[PDB]
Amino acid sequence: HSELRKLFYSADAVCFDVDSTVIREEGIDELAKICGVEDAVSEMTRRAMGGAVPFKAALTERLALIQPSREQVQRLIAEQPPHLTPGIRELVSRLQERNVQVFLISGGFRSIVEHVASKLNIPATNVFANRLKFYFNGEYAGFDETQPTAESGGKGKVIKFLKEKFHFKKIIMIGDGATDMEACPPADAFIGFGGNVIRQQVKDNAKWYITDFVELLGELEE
């Protein structure tokens, strides 16, 4: 491990996944759970197997029903269902402290992630997810469809944005699934993370895969 190594503090940027990595809960499956469409949606996932369906349709569909009112995502935020995965709040601090711009990247919703941000004392400007839309009524209107993460494989389209513009050079992506990982070729280094989720197909092909956000404290100190 010494290899890491402050491998990490040789970085100017460290982009984090929120769902399943920055936090134990997913961000979409929760919205549905608070909508009485809980097992209705969790039943929508088994067939993407095939994935036919691409990411935009996929989400435009599972979302095409939830029909998350503004209210409802408000009740969600109010209930604070999101629970951070245990050494993030402090890990993000030890980073931005040493003078590193922490970022958050999700296929989830800016409504939720933003709140997640404040609790990591992460800037608001440093967040990237789908922007949910509502009618005056507060009914589900869809969602921003130009946002980098509304299309398949747009997770990296952003990580190479953050560089195109602020010119970081040497940024890390902490993520749990192969979408987070596939972003490494566009981004400098990928640290897998299973928490909560082991997702074998990353724990097998990925270099540098931690079990928990604590494993990286002892080495971080020394």
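Numbering starts at 1 and follows the sequence shown.
A summary of the deposited B-factors shows that, of 66-74 and 161-169, the stretch with the larger mean C-alpha value is 161-169.
Comparing 51-59 with 36-44, the stretch with the higher mean C-alpha B-factor in the PDB entry is 51-59. Of the residues listed, 79, 114, 139, 144, the entry assigns the biggest Cα temperature factor to 79. Within the selection 177, 185, 154, 27, the deposited Cα B-factor values reach their highest point at 185. The PDB entry assigns residue 102 a C-alpha temperature factor belonging to the middle third of its chain's modelled residues. Residue 126 sits in the middle third of its chain by CA B factor, as recorded in the PDB entry.
When the modelled residues of the chain are ordered by C-alpha B-factor, residue 92 sits in the highest third. When the modelled residues of the chain are ordered by their C-alpha B factor, residue 16 lands in the middle third. In the PDB entry, residue 31 places in the lowest third of its chain by CA B-factor.
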